[PDB]
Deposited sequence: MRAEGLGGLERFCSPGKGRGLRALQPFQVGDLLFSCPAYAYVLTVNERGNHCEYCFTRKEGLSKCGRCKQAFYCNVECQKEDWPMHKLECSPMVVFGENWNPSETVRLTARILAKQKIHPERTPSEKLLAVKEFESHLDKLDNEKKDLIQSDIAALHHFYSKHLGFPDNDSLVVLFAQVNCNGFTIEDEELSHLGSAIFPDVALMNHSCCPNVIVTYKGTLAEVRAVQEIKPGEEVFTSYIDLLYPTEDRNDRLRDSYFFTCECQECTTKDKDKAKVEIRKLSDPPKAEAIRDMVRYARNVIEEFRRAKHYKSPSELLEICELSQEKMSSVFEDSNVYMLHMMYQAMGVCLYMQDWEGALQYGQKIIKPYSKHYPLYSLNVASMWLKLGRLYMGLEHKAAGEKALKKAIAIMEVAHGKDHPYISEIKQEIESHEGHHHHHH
């Protein structure tokens, strides 16, 4: 088990995690080593495949030239998993395209073969026990799973053979319902992983813990006081958006509707959809929500949307903020640093009011802003922004987190 915590039956939520003892803000509840994990293709060469350390001068796999490592030991330790892809990448070349979900699922299957017994990743919840919601899958989801199975068979048969279709339908469903993305300090996608004990926690829009990552290790820290017997809740989703938007995503992705305090009262809905006629507002919300999914030179789509929404929506409106954030990202890709800074400066204050006290989204925006300032020679403003990020991260990531050490070095180097 896990010290100070227990698995229990949470009414209407299946299994959950319950506190045996109190936890205060910032306390580490537990840490969970990844059961299986994969570095995203676009981050190859930036992070070690084995331990996810971000550093320059990584060593390259001599066989495939498409995996990178801290050293020969990280390389050796990753081989049981990397061998699933090493030769196939060479053989298939530009015709190697398994989805990240397929890549992760292959690693689960490999791990099951070499380590059938319960792992240190499964102290309270085992991978084989994962919820699948099999009976709730529509044709779209079932078709996607069949595509994933076809790709698994085609790309990974050398080490995995051709696993039974029925058993793979269940497993792919489980991976979708329980998989985690690993993100860096700016919430940029690093890869995907299975953290079985972390997956036990149910969702709230007023979560009492935040999950962060230290390489491939998941860490769970309190962001509210937790009393004996209280359920431990994490957020599955971006908390910026209004109640209907949040629950549409929870229904589609996780087959539940949230009944937390934020969802019951809808307290923050008004401030999120701040107006500067009822039918005009509803038509604008419908438009904004549709336009977001369309994105889900792209600046035009953002600029036109902002102008159109400006007629009804104030600047602090979450739909306005969303577009500003997307525009900022595009400017960051084009390397229009001044453009991205202008958007970031407009985002940060209203953005910080919509999120909870400790939010990774807010910390990451402060970091982006801080690094833009530093790059554009605004060192005083950069230092202040980076310190704002650190204040949140000390609670969420722990005071001793490598990210905090790095950010402090950025303050000292500038």
Do you know which deposited regions have no coordinates at all?
1-4, 281-286, 307-315, 434-441
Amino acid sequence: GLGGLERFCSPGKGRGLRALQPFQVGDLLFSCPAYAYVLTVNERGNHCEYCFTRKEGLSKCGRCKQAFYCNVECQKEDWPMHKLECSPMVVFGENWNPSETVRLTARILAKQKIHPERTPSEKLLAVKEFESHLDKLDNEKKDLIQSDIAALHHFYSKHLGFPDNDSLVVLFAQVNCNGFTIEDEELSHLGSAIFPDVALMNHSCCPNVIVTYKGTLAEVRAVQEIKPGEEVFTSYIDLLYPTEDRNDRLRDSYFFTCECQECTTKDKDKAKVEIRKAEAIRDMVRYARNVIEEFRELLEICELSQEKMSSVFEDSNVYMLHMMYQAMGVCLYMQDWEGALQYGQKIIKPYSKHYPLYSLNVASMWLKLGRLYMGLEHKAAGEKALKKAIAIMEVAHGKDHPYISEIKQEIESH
From here on, numbers count along this sequence of modelled residues.
So, looking at the entry's B-factor column for Cα atoms, which has the higher mean, 171-179 or 117-125?
117-125
Got a sec? Mean C-alpha B-factor, which is higher, 184-192 or 297-305?
297-305
I'd like to know which of 108, 340, 84, 198 has the highest C-alpha temperature factor in the PDB entry.
340
When the entry's CA B-factors for 212, 208, 310, 75 are compared, the highest one belongs to 310
On the chain's distribution of Cα B-factors, residue 377 falls within the third called highest
Split the chain's modelled residues into thirds by Cα B-factor; residue 350 lands in the highest
Lowest, middle or highest third: where is residue 56 by Cα B-factor in its chain?
highest
Going by the recorded CA B-factors, say which third of the chain residue 325 sits in, lowest, middle or highest.
highest
Place residue 70 in the lowest, middle or highest third of its chain's C-alpha B-factors, as listed in the PDB entry.
middle
